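Let me begin by presenting the structure, written as structure tokens, before commenting on it.
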Amino acid sequence: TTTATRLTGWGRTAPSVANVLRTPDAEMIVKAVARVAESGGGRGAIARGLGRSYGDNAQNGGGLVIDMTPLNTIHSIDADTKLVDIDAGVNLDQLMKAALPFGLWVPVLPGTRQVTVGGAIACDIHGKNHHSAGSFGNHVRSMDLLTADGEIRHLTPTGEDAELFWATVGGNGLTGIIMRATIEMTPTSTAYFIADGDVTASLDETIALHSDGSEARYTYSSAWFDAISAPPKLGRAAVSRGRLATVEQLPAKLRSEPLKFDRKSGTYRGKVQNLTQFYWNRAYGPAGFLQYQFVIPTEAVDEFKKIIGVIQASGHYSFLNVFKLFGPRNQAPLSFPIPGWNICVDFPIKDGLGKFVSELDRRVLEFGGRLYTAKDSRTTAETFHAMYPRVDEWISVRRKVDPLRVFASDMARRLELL
Ligand SMILES: Cc1cc2nc3c(=O)[nH]c(=O)nc-3n(C[C@H](O)[C@H](O)[C@H](O)COP(=O)(O)OP(=O)(O)OC[C@H]3O[C@@H](n4cnc5c(N)ncnc54)[C@H](O)[C@@H]3O)c2cc1C
Ligand SMILES: *N(O)c1cc(C(=O)N[C@H](C)c2ccccc2)cc(C(F)(F)F)c1
């Protein structure tokens with residue numbers, strides 16, 4: 001029934017071997033969880049989606065991994081309630097294509113659509129529109145969770161099961177297997193964006209642009225960010241901001257099918273873009289690259305500037321940098337986003353990199369920030385627990401729901417969440 005398999009995250013690092021169950025039969029999945037539970041836990045089980053997480057959260061060395069990608073049925077779409085009811089293995093590209101004709105838009109879109117609904121929930125993913133829409137968790141109306149007791153719990157965000165529900169959002173699969181979920185989509189009349197572009201010349205100017213009050217005028221906003229230039233050109237950014245377009249905003253040619261599927265000069269106004277236009281590690285790493293993401297609380301703006309400073313001075317040079325100001329956070333104890341300054345950098349693997357990122361960890365930690373489980377397989381339990389003050393609250397919920405540790409992963413063991 002299972003296939004022993006070498007697994008890594010997307011950046012192809014920290015491999016381990018697991019027995020992979022890959023079946024479209026939900027009953028086989030229930031059986032397998034039950035079997036692990038009846039062996040008393042053993043080395044446990046974790047779910048896997050499309051493997052786009054860079055870390056070790058979707059692998060389980062010496063244990064069971066359940067590939068959820070064959071559970072990919074879209075059960076219902078409702079344009080009045082805006083609700084879609086889909087299997088957890090459904091991916092966002094497939095969902096985008098299916099929902100567009102109903103005038104529905106996937107409410108949170110990350111940098112790639114090759115992620116499953118299960119993975120979107122388990123990592124509580126965020127997008128270019130976080131400051132207006134929150135993260136993926138905010139839009140989950142209900143979900144079916146297969147728990148350690150072999151039963152499938154129906155969870156809602158305010159029901160009796162609220163606590164389990166919000167430990168599951170951002171829970172990295174460690175409360176059980178999300179089988180199915182109901183997501184509230186965003187209404188739209190077109191599949192296009194209308195975007196305003198701006199360029200800055202300094203880190204301070206980037207920050208002022210995000211603090212002047214104009215962010216509140218766009219539903220989506222992110223920026224490419226210079227991390228190699230010494231000050232004051234350090235932290236200059238190419239900012240892409242916008243909102244979904246109405247039909248009467250489209251070029252006349254595109255009005256026939258508005259819901260169709262698919263420095264210096266970079267200043268513009270009312271440019272009309274499809275998703276691809278508006279929006280290396282796997283190809284070259286991990287002989288090549290270490291991806292690194294963190295968020296610093298809004299009020300700690302100067303501490304943020306300094307970390308940026310430390311990065312440019314490091315001698316570790318990242319071209320691919322993405323910056324964004326996160327909005328308010330949600331109820332999930334282990335959710336990554338907090339309101340604040342968020343950035344992803346991609347470092348070439350070079351001598352002294354490990355020691356340098358350990359120093360970064362310390363700084364993000366002291367300044368009240370955190371790393372993202374979706375981008376990590378290197379940090380320590382001590383660092384992670386410190387970055388997530390609600391971790392003991394979350395661990396308690398997990399103990400109530402999985403007393404025998406039927407659910408387990410490489411990440412759970414490394415970060416002592418098991
Ligand atoms: C090119 C690229 C761009 C990205 N951009 C963004 C971005 O803009 N914003 C962002 O937040 N993230 C981004 N990510 C990270 C990615 O969106 C998340 O890691 C996401 O969780 C991956 O989904 P997946 O289905 O591939 O999950 P996997 O990587 O397979 O698994 C991730 C976690 O989800 C759990 N999981 C998966 N399915 C289930 C299930 N059915 N039940 C319970 N748990 C489950 C796994 O156990 C694991 O803990 C990006 C990744 C890549 C490679
Ligand atoms: N980080 O603040 C951040 C990263 C992305 C993102 O899509 N990153 C992936 C790995 C990527 C980077 C560069 C080139 C290709 C892919 C997205 C955001 C968001 F805030 F959601 F816009 C933030």
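Read the numbers this way: they start at 1 and go in the same order the structure lists the ligands and their atoms. Excluded from the calculations below are hydrogen atoms, water molecules and symmetry mates; all remaining heavy atoms, backbone and side chain alike, are included. Each residue takes its place number in the sequence, starting with 1.
- Geometrically, ligand 1 and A120 share no nitrogen or oxygen pair separated by less than 3.5 Å.
- In this structure, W224 counts as a contact residue of ligand 2, since one of its heavy atoms falls inside 4.0 Å of the ligand.
- Checking only distances, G127 never comes within under 3.5 Å of ligand 1, N or O to N or O.
- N57 and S409 share no side-chain donor-acceptor pair at under 3.5 Å.
- Looking at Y54 against ligand 1, only its side chain comes within 4.0 Å, counting heavy atoms.
- Separation of the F193 and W105 ring centroids falls under the 6.0 Å cut-off.
- Proximity of the aromatic rings of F323 and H210 is defined here by a centroid distance below 6.0 angstrom, and this criterion is met.
- Between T116 and ligand 1, at least one pair of N/O atoms sits closer than 3.5 Å.
- Checking only distances, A88 never comes within under 3.5 Å of ligand 1, N or O to N or O.
- The closest side-chain donor-acceptor pair between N330 and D124 falls under 3.5 angstrom.
- Residue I343 touches ligand 2 through its backbone alone, judged by heavy-atom distances below 4.0 Å.
- Within the structure, ligand 2 has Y54 among the residues with a heavy atom less than 4.0 angstrom away.
- Ligand 2 lies within reach of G127, whose nearest heavy atom is under 4.0 Å from it.
- In the vicinity of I125, heavy-atom distances shorter than 4.0 Å reach the ligand 1 atoms 10 (C), 11 (O), 17 (O), 18 (C), 20 (C).
- Aromatic pair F336/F326: centroids less than 6.0 angstrom apart.
- The atoms of ligand 1 that sit less than 4.0 Å from any heavy atom of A122 are 34 (O), 35 (C), 36 (N), 44 (N), 45 (C).
- Inspection of the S202 and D204 side chains reveals no N or O donor paired with an N or O acceptor under 3.5 Å.
- Of all the heavy atoms of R48, the ones lying under 4.0 Å from any atom of ligand 1 are found in both the backbone and the side chain.
- Geometrically, ligand 1 and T112 share no nitrogen or oxygen pair separated by less than 3.5 Å.
- Of the N and O atoms on the side chains of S396 and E393, not one donor lies less than 3.5 Å from an acceptor on the other residue.
- Residue-level proximity to ligand 1 for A47 is carried by backbone and side chain together, each with a heavy atom below 4.0 angstrom.
- Test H385, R390, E416 against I395 for side chain to side chain contact (heavy atoms under 4.5 Å, CB included) and you get one pass: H385.
- Counting atoms of ligand 1 from 1 in the listed order, those under 4.0 Å from a heavy atom of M68 are 41 (N).
- For the pair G111 and ligand 1, the shortest N or O to N or O distance falls below 3.5 Å.
- Between the side chains of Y54 and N281, no donor-acceptor pair is found at a separation under 3.5 Å.
- Considering backbone and side-chain N/O of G51, one or more are found under 3.5 Å from N/O of ligand 1.
- Judged purely by distance below 3.5 Å, without hydrogens or angles, the side chains of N91 and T116 never pair a donor atom with an acceptor atom.
- Of the polar atoms of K375, none of the N or O atoms is found under 3.5 Å from an N or O of ligand 1, judged by distance alone.
- The only member of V239, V345, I343, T200 that meets side chain to side chain contact (heavy atoms under 4.5 Å, CB included) when paired with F225 is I343.
- Within the structure, the closest approach of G55 to ligand 1 does not fall below 4.0 Å when heavy atoms are considered.
- Between the side chains of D361 and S358, not a single donor N or O lies within less than 3.5 Å of an accepting N or O.
- Interface atoms of ligand 2 facing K324, defined by a heavy-atom separation under 4.0 Å, are 20 (F).
- Residue contact check: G111 has heavy atoms under 4.0 Å from atoms 7 (O) of ligand 2.
- At a heavy-atom cutoff of 4.0 Å, ligand 2 is contacted by the side chain of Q293 but not by its backbone.
- A donor and an acceptor atom, one from each side chain of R241 and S214, are located under 3.5 Å apart.
- Taking only nitrogen or oxygen atoms, main chain and side chain alike, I46 does not reach within less than 3.5 Å of ligand 1.
- For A47, the side-chain contact (heavy atoms from CB on, under 4.5 Å) criterion is met by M68, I177, not counting sequence neighbours.
- The residue among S53, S409, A45, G11 with a heavy atom at the shortest distance from atom 22 (C) of ligand 1 is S53.
- Using a 4.0 Å cut-off to heavy atoms of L50, the atoms of ligand 1 that qualify are 24 (P), 25 (O), 26 (O), 30 (O).
- An N or O contact shorter than 3.5 Å is missing between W10 and ligand 1 by distance.
- For the residue pair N60 / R413, a side-chain donor-acceptor distance below 3.5 Å is found, with atom types taken as modelled.
- Under 3.5 Å, the side chains of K128 and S240 contain a donor-acceptor pair of N or O atoms.
- Aromatic rings from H126 and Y372 are positioned such that their centres are separated by under 6.0 Å.
- Between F323 and ligand 2, not a single N/O pair is under 3.5 Å apart.
- For ligand 2, none of its N or O atoms has an N or O atom of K128 under 3.5 Å away.
- Counting atoms of ligand 1 from 1 in the listed order, those under 4.0 Å from a heavy atom of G176 are 43 (C).
- Close approach of ligand 1 to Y372 is summarised as follows: ligand atoms under 4.0 Å from at least one heavy atom of the residue are 10 (C), 11 (O), 12 (N).
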